[PDB]
Amino acid sequence: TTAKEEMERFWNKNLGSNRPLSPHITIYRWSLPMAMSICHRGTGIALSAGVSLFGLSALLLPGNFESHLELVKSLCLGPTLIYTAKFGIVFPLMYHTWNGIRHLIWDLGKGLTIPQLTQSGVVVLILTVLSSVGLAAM
Amino acid sequence: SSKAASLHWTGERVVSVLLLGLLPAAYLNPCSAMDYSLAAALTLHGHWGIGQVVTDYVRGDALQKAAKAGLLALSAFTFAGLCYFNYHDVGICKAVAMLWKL
Amino acid sequence: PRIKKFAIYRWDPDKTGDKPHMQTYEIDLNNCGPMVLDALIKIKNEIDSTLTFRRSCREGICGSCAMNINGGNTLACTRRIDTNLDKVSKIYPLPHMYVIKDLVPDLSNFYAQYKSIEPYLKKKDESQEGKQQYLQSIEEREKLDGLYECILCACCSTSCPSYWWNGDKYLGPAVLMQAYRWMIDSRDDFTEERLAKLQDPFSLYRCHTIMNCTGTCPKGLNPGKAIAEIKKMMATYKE
Amino acid sequence: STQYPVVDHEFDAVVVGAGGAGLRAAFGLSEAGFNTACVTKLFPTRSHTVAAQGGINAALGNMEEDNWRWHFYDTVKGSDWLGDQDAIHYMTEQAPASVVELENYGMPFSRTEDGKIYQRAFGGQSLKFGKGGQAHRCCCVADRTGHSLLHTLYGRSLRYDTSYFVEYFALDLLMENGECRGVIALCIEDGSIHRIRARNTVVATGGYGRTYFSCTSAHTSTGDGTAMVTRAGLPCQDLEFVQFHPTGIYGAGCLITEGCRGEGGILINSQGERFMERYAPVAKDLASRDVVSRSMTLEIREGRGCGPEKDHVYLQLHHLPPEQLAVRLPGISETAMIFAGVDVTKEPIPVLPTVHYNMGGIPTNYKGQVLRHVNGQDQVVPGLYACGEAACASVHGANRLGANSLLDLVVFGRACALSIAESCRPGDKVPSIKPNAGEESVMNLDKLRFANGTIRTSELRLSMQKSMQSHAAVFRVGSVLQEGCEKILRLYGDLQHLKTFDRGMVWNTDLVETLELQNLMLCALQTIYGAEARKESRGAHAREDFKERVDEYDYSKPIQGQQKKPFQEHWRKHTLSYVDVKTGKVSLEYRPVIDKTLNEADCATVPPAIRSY
Ligand SMILES: *Cc1cc2c(cc1C)nc1c(=O)[nH]c(=O)nc-1n2C[C@H](O)[C@H](O)[C@H](O)COP(=O)(O)OP(=O)(O)OC[C@H]1O[C@@H](n2cnc3c(N)ncnc32)[C@H](O)[C@@H]1O
Ligand code: HEM
Ligand SMILES: COc1[nH]c(=O)c(C(=O)[C@@H](C)C[C@H](C)[C@@H](Cl)CCl)c(O)c1OC
Ligand code: SF4
Ligand code: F3S
Ligand code: FES
């Protein structure tokens, strides 16, 4: 019996059985690292969606960009709202940016010990807020 | 044996460090060329990233090939769109600067 | 008297209709050993004997009693019951695995995966073996520390969310760390073709350094880190 | 019959047990080109052998320069001359060959400046036949040798086409006309029943510490093979001889290794004196596993207790360098902290002597061939083998020398294989079987499964354990031994009364733990009866009433002008215990220990002497 044959058996036995699946997310308690990975995906997906919705609209929709900014001024410049709409565009970007560096440092093999990990996590979190508030005000 | 999977993985980080090198390069030097290299780095890194999500969640035979095909479509249309926007409009860097001082 | 509530996952594959649910137990702590296993064993011997689970060394070195206690994967004989009588201990089977009965998971895939990485020394010249002790310097030996101590809990991989969604094709941290364990064994002549076995999207590359494995390890081991070294090796190894 | 599915299997060899020994025998068999089933109630890696800490002995001479014959001497001397020299010779002789083979498999032994295997000082081991000071020959993987040993053997076994019957509880042996045909086994997974039949059957089940209330051994050490044998009418050997490891936590009874004492550690009693110097001066606190514990256990009766209720003693590791504790003994730094809450570097450990090892077991050749006792004479049981803690070749005798059972495992694993490999060919006639053979076990299975008695399984288990704990303890008199026998005997009756609650086929642990209990009770019955009968003080079996060590001679004075005692007048012989499973009655005879070696010219026979360290 080879390892590949053991696996084949495993699946055919279980998928053709009345056995349930022991709960996972529903019961596995949440650690800051684990939540900080979902967010990387959350942000990563949204950012790609944004970019795509910018390139596609540059191909399908009428008018040029200047023709759109003047169009944006509908209920127009309301500082503490057009800042708020601006912030929430940079926020996912800055997070994914900062956490990206953390992922990159990891790939080098550095900072992968439980303490170090919940430290750099905070440093990425704090850095997001600063560079997010900082940019939306530039 | 070909070392494909690992080579792919290497590229992923090369573009990741390439894209990090470009967001300050864009701000400190907004221009014609930067607009394109930014579009190129942006569309690849995203294409591989979504690819990694798909080849994680999209379970099955038929659907895996489907999602991957439709993603190549979204990417092609994205990179080409951003290129069109560069050549025929203000160009990413200038669009950002306009969108911003507003 | 000091009473502690115990909410535990239950499933009898031998009673028709009955499907997954929790059962609550109550145990005086002056009559019970400090560990959650002690508790389990106690209710098994005193209250209800349908309570079915795996156990052996009660020392936290055999890896039999692996389970999800209060939302994290450890060993029941190594975890101590929170003396806090104002909480109810939630006891669960190792997450996202087929429940055979109650807290007993089907690990046969887990094992089969271990088999496929060939966890044994491999010499290009097996013709001289068993007659001379192989030389390995204490330095070369230190590279195994933190690796060889794995017990095969399945706390590890059964905390990895990639192993949840892709457990069939992704080996998961436990198994992976052991493949690493054999790459850096200086006595092993098969260091290169051991990496070639991971050259596909799922074997190794479903890892995204979520770090739930290292976090959850009952023995304080670091599979995630060891994985990163594999990933590096995969990108650097010649030919 | 209508209730249970019978599923038969055909092999060359069955190995019952995937511990250290089982495994070695298993793949060893497959390696010689044998189609080998390996039946085991736990996944291999869980087998107790993991728990092993100290190490494995081999006279490789890696520290000083050694000679396996000195290791021969030390084992036989420590065996208290109940050790069968033929087997002891074979083991020590084969020791360096076996340990080198394991390191070649890939066991990550800790290393020396040379880059060779690290050897350690241990209890009872000498140079130049007991005159050359402390011998450093315990080969070890830091603190976790048994772990690494089991894992590599398991690991190595995957390479061969060994048929693993994982989490299958063996019930009995399939026996026909005195010959063994295989095993009848319950498959835990689905409740099914599997008659695995082969030409040769190796029993490698390990010990039965779980007969006692306080033991180092795992919850699954239930001498199941030992029972299986006495259910087939075969004898068990020397079952009274139960080793009380000196060190282990007061509460849960976890093992703190002897490697603590062999690395410079000390034992401290209530007043503070290193009491292991007023009890045994010659070899100090690194003496026999039975002399040290005897010193401790009586010291507790002396009033010299060291706890909340003065019922245990200390093992101190304060004085050792911190840098050496984390490197040489890492797995006790954790477990002392985890179970007791002890930082090993600046605190002592609360250690009581607790049950640890079973020297007794299935009577055995140096070849591993299970013995029966027909007409005061030995006789090979055809197609039946035993190795390791389950077995008794009595390479250990009246007292196991520390760091030898791991070696015992490996050597007599190998041996059981070669014995088959050299007594037949693979693909030879697998003997046929009665259509309804093993009928008895399934019937016993059903009675225990739907058992609605009055005594709960756990309570009966408890009464046995504590009865053994107080009647057949370290020290034991014929007064309290006698009461213990008829108290155990009543508790064997009580098995007809027991209550089990789970009625399922899938993972009925409620059912198996009860089968474990019968398996235990049989091992208990022979332990207490053999103990009451033995009216001498040899090795671990020390009688208060018979402190004398009764040899064939009076071995203190010269052996010359003095006549041999008749067999049935000395106690330098092995105990052979039987039990009529129904009435639960222990009848016991004796067989002479082997004194000759395998080559007087290569390894001299060592005659009995006054024994003390
Ligand atoms: C108890 C103990 C012993 C020990 C030790 C620490 C502890 C806590 N430390 C040691 C050390 O440091 N150095 C050393 O030399 N020895 C040490 N020992 C003693 C030694 O480890 C034991 O004698 C040895 O482990 C016994 O090995 P063996 O292979 O003979 O038995 P096992 O390892 O306990 O494995 C049992 C296997 O048999 C299967 N089994 C049992 N019953 C059944 C049934 N009914 N059906 C099917 N299979 C069965 C188990 O599944 C297991 O595989
Ligand atoms: C220069 C700043 C950025 C850096 C340094 C960076 C870095 C990274 C890295 C290293 C990963 C993979 C880590 C892992 O999960 O294993 C990743 C994931 C991803 N990124 Fe980026 N990124 C950046 C900006 C962006 C942008 C602008 C987009 C949008 C186009 C984007 C979209 C994604 C996506 C879709 C993923 C995959 C999600 C997943 O599977 O986890 N990233 N990023
Ligand atoms: C980076 O990869 C990942 N990181 C994760 O934290 C992760 C998870 O945490 C999962 C338990 C589920 C979570 C809600 C996902 Cl669906 C939102 Cl992103 C998950 O599923 C995942 O994909 C494999
Ligand atoms: S590495 Fe740690 S968590 Fe993973 S299986 Fe081994 S002991 Fe368990
Ligand atoms: S839980 Fe996970 S995805 Fe990688 S870092 Fe650990 S295996
Ligand atoms: S039973 Fe051995 S680890 Fe809990």
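Method of determination, as given in the entry header: X-ray crystallography; reported resolution: 3.220 Å.

Attention shifts here to the overall build of chain A. A count of helices and strands for chain A gives 7 helices and 0 strands. Starting at the N terminus, the α and β elements of chain A follow one another as α-α-α-α-α-α-α. Here the C-alpha radius of gyration of chain A, 23 Å, is well above what a compact globule of 138 residues would show, namely 14 Å. On the principal axes, the C-alpha backbone points of chain A span a range of 70 × 40 × 30 Å. Counting the 138 residues in chain A, one finds 35% classified as buried. Partitioning the intrachain contacts of chain A with sequence separation of at least 6 by distance along the chain shows that 80% fall at a separation of at least 24. Of the roughly 8300 Å² of accessible surface on chain A, 71% is carried by carbon and sulfur atoms. In chain A, 10 positive and 6 negative side-chain charges are present, and the distance between their average locations comes to 11 Å.

Bringing the sheet that holds strand β3 (residues 66-69) of chain C into the picture now. By way of backbone hydrogen bonds, the strands of a sheet pair with one another, either parallel or antiparallel. All names here are of chain C. Strand order across the open sheet formed by 5 strands is β2-β1-β5-β3-β4, with mixed pairing between neighbours. Looking along the sheet, the strands with just one partner apiece sit at the ends: β2 (21-28) and β4 (73-75). Direction aside, neighbouring strands of the sheet carry axes that sit 35° apart on average.

Locating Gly54(D) in the fold gives a position in the loop between β2 (36-40) and β3 (56-57). Counting along the chain gives 204 residues from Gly54(D) to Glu258(D), while the straight-line C-alpha distance between them is 6.2 Å.

Our next topic: empty space enclosed by the protein. Across all of its chains, the model carries 12 cavities of 30 Å³ or more by this definition. Volume-wise, the largest cavity comes out at about 800 Å³. Lining the largest cavity are 49 residues; nearest its centre among them are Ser47(D), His48(D), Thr49(D), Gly206(D) and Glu389(D). Those elements that place two or more of their residues in the lining of the largest cavity are α1 (20-31), β2, β7 (168-176), α5 (224-230), β15 (354-358) and α9 (405-421) of chain D. Here the lining of the largest cavity is composed, by residue class, of 19 nonpolar, 23 polar and 7 charged. Around the second largest cavity, the lining is made up of 17 residues, and of these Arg55(C), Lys41(D), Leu42(D), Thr220(D) and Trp507(D) lie nearest the centre. In terms of residue count, helix α13 (residues 509-533) of chain D provides more of the lining of the second largest cavity than any other element does, 4 residues in total.

A grouping of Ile25(A), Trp30(A), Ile38(A), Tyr57(B) and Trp165(C) is seen on the molecular surface, where their side chains present a nonpolar patch of about 520 Å² in accessible area. Among the structural elements, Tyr57(B) can be located in helix α3 (residues 32-57). Given the relative accessible area of 47%, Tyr57(B) is considered partly exposed.

Looking now at the site of ligand 5. In the neighbourhood of ligand 5, the contacting residues comprise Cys160(C), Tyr170(C), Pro173(C), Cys207(C), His208(C), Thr209(C), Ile210(C), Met211(C), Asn212(C), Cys213(C) and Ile227(C). Here the shell around ligand 5 is composed, by residue class, of 8 nonpolar, 3 polar and no charged.

What follows deals with the sheet that holds strand β24 (residues 573-577) of chain D. Residue and element names in this part refer to chain D. Spatial strand order, β10-β24-β25: 3 strands in an open sheet with antiparallel pairing. Two strands close off the open sheet at either side, each with one partner strand: β10 (236-237) and β25 (588-592). Across 5 bridges, the pairing between β24 and β25 is antiparallel. In the strand pairing of β25, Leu 576 is matched with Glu 589. Contacts between α13 and the sheet are confined to β10, β24 and β25, with β25 contributing the most and set at about 70° to the helix.

Residue and element names in this part refer to chain D. With respect to the element layout, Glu 440 can be found in helix α10 (residues 439-449). Accessibility expressed as a relative area gives 58% for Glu 440, which makes it exposed. Placed 269 residues apart in sequence, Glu 440 and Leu 171 show a C-alpha to C-alpha distance of 9.9 Å.

This part takes up the interface of chain A and chain B. Interface size is commonly expressed as the accessible area that is lost once the parts come together. Taken residue by residue, the interface counts 28 residues in chain A and 30 residues in chain B. Interface of chain A and chain B: buried area, both sides summed, is about 2500 Å²; carbon and sulfur atoms make up 76% of it. Of all residues in chain A, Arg41(A), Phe65(A) and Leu104(A) give up the largest surface area on contact with chain B, accounting jointly for 22% of the area buried on that side. Between the two partners, chain A and chain B, sit 2 salt bridges.

Around ligand 3, the structure places 13 residues, and the nearest of them are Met34(A), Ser37(A), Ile38(A), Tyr57(B) and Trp165(C). Around ligand 3, the nearby residues trace back to chains A, B and C. Between ligand 3 and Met34(A), the relevant distance is 3.2 Å, taken from an oxygen atom to a main-chain nitrogen or oxygen of the residue. Here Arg41(A) contributes a side-chain N or O atom positioned 3.4 Å from an oxygen atom of ligand 3. Of all the elements in the fold, those that place two or more residues in the shell around ligand 3 are α2 (32-55) of chain A, α3 of chain B together with α4 (161-166) of chain C. Of the residues belonging to the shell around ligand 3, the class tally is 8 nonpolar, 3 polar and 2 charged.

This brings us to the pairing of strand β18 (residues 377-386) of chain D. Residues and elements named next belong to chain D. In the sheet, strand β9 (residues 193-203) pairs with β18 via 3 bridges, with the strands oriented parallel. Note that in β18 the partner of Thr 201 across the bridge is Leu 384. The antiparallel hairpin formed by strand β17 (residues 369-374) and β18 contains 2 residues in its connecting segment, where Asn 375 sits at a positive phi of about 60°.

Calculation criteria
- Residues numbered from 1 in each chain as written, not as in the entry; some residues may be left out.
- Chains lettered and ligands numbered in written order.
- Heavy atoms only, no water.
- Helix = DSSP H or I, 4+ residues; strand = E, 2+ residues; numbered from the N terminus.
- Rg over C-alpha atoms; globule rule 2.2 N^0.38 Å.
- Buried < 20%, exposed > 50% of the residue type's maximum accessible area, 1.4 Å probe, protein only.
- Contact = heavy atoms within 4.5 Å.
- Areas by Shrake-Rupley, 256 points an atom, 1.4 Å probe, with all protein chains shown as cover.
- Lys, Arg positive; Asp, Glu negative; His and termini not counted.
- Charge placed at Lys NZ, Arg CZ, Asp CG, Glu CD.
- Pairing = 2+ DSSP bridges.
- Axes fitted to C-alpha atoms, helices over the stretch in contact; angles between N-to-C directions.
- 1 Å grid on protein atoms, 1.4 Å probe; cavity = no way out; pocket = protein on both sides within 12 Å on 5 of 7 lines; lining within 4 Å.
- Points joined across faces, edges and corners; volume = space filled by probe spheres on them.
- Nonpolar A, V, L, I, M, F, W, Y, C, P; charged D, E, K, R; others polar.
- Patch = residues over 30% accessible without salt bridge, like charges linked within 9 Å, V, L, I, M, F, W, Y side chains within 5 Å.
- Salt bridge = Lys/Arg side-chain N within 4 Å of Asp/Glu carboxyl O.
- Near = heavy atom within 4 Å.
- Buried area = accessible area lost by both parts, 1.4 Å probe.
- Polar contact = N/O pair within 3.5 Å; in protein donor to acceptor, adjacent residues only side chain to side chain.

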